[PDB]
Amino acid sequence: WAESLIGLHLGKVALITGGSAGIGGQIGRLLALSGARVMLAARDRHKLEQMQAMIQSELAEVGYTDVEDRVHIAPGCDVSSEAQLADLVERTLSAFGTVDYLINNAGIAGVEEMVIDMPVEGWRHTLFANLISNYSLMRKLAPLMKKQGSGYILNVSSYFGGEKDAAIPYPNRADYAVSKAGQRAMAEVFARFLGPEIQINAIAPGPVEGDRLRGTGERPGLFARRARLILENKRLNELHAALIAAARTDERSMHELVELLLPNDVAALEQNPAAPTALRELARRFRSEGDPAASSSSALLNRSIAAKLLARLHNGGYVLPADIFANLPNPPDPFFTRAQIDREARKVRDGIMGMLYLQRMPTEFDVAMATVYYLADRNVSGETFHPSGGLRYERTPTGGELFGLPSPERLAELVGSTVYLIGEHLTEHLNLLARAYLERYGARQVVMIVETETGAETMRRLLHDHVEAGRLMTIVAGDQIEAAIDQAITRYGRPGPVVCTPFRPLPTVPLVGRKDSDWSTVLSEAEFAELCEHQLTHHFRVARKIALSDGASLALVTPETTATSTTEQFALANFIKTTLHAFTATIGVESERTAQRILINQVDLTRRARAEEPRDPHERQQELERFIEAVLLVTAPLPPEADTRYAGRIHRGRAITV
């Protein structure tokens, strides 16, 4: 089976992150069998030692000699740590000299929570381990590759990282999906810069067969554990959505509404004539869809679900005592029956197996083999190879440019509205949006949330008339956007429409260095992390907070490219646009599937090429008018009757290009 592999990569030096197990282990194994010297990097020394021993044994079996010199390991290497990545490169260059192939394989599953339950530090951790790490290793190794005249960077993405012009929603995995899309976007935008000496591509396998206790989750190993978590999550989502909906149209405070849940009695809530319709209707559903042997059919929640619900409400600025659930009656086991858990487990498994046209999942070996053959191809860069595929799954096309204004019915819903605008750099855009909502669409007030006092003063001067009239209020958020939103909620009221633009512009540093240079001025590992913080994490933090705070709509705006932008700015802008599309699509579907009203969409001020950009003042005025139209199209709320299943799916998770 190895006859076509032996010799294919003879003389090459490869570094494989996550090379002690899974797909990375198989890629390391097959590259070694192909004749490459390999450095396997991971955290656990024992597993690395086992993998090294197995590969060295197989190398000896096929005739290699001095096998100890062909397979090295780098234990203690957590790819989320910049220091460990620097040490990894020092160790690898000391052992083998210049690296020919960088296999950015390491990937963690991540937080595995919906965005509104996702800790901000957890999201950052996923980006560091799965995406920023890929740039860091490229930044350290590409200089030597360019000097020698040849190199290869392979980022191991996923089918769920999307594809060119199509986002793939991955509910409960936004952090992971964004990391995977960024890996592909990096290959797509860096190819022109790294050529002709260096190839950069991504692989995007679908679900792969592997250890049930490991993996990135495309294949769920423990379907039953996954099933129970889905059921606990569903109870939380149903209770949270009904409470948020009820509070929007009830005179009772969220505190008073949560008090209705304290008896923890489904039938009592359903039969309470003074209970909000949303909560009575939910109670009926719990009884109808429930298993009489499960306590979840007679009890609303348990301590675990209650704590997670309380966190959602507190994180949305709702005022409730921390001990509100201290005396919650504890429902008797089982809360969910083995029958309910087993049925959901079958649903999860059949859902995944049913995506496969070939009705079989590839093995890690199969994926590694296709990948090692692919690496021999010297005529591909900026591409995403699917070693496994044939999947029935939902895609959300991105990049549409032909659109108009929303219906007068949606526009009428803006009258008397409280609008939140977030930004700093795009002063003209923020001014025009504030005036549009206030002067043309009758919003009661606009809260301008900026990063700095200088930004606040700039906007206050641009909107002096509305400031003097009490219609434009300014808040300075700094690096505390959640606390700034809490200030807005308490003093000005919860938001209806929200527009989120980036505080910062894109950097203008080089993305690659001259062949015989030290690359001292090239985008740094820290600068790349900063780009992700200002252009991805910024939007995530706002989306998470606004969704938890019951905002009506949210437009995520990407950085602006102009006919004057640097070629590097165009590259970074397109990187952000593609990567954020993964976030927008994922949170749009999460929100739709969980009965959240919030409409989340993306408005792109970035374009693929300068030739498409406005070249004169007429074209510029056309562009700024399209920007306002695009924002209005995604932010004007749907008259509640129109939020059909059909229309609701259309108005969520989409991206349009101005």
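We number the residues from 1 along the sequence you see. Rigid core (definition): largest C-alpha set, two forms, superposition within 1.5 Å.
Displacement analysis by core superposition in 5 other deposited structures of this protein ranks 323 to 331 above the other of 323 to 331 and 369 to 377 in root-mean-square C-alpha distance from the shown form. After superposing on the rigid core, the larger RMS C-alpha deviation in 5 other deposited structures of this protein belongs to 339 to 347, the other candidate being whichever of 193 to 201 and 339 to 347 remains.
In the other compared entries of this protein that model both flanking residues, residue 167 has coordinates in every one, well short of a third left out. For the cut-off of one third of the other compared entries, residue 296 stays well clear, since all of them model it along with its flanks.
Higher average CA B factor: 88 to 96, of the stretches 88 to 96 and 446 to 454. Taking the PDB entry as given, 402 to 410 carries the higher mean Cα B factor of the two stretches 580 to 588 and 402 to 410. Annotation for 392, 544, 280, 538: 392 ranks highest, by Cα B-factor. Taking the deposited Cα B-factors for 483, 426, 257, 153, the highest one is held by 257. For residue 642, the recorded CA B-factor ranks within the highest third of the chain. Only modelled residues enter the ranking. The deposited CA B-factor of residue 190 belongs to the lowest third of values across its chain. When the modelled residues of the chain are ordered by C-alpha B-factor, residue 235 sits in the lowest third. When all modelled residues of the chain are sorted by CA temperature factor, residue 499 is found within the lowest third. In this PDB entry, residue 112 carries a Cα temperature factor that places it within the lowest third of its chain's modelled residues.
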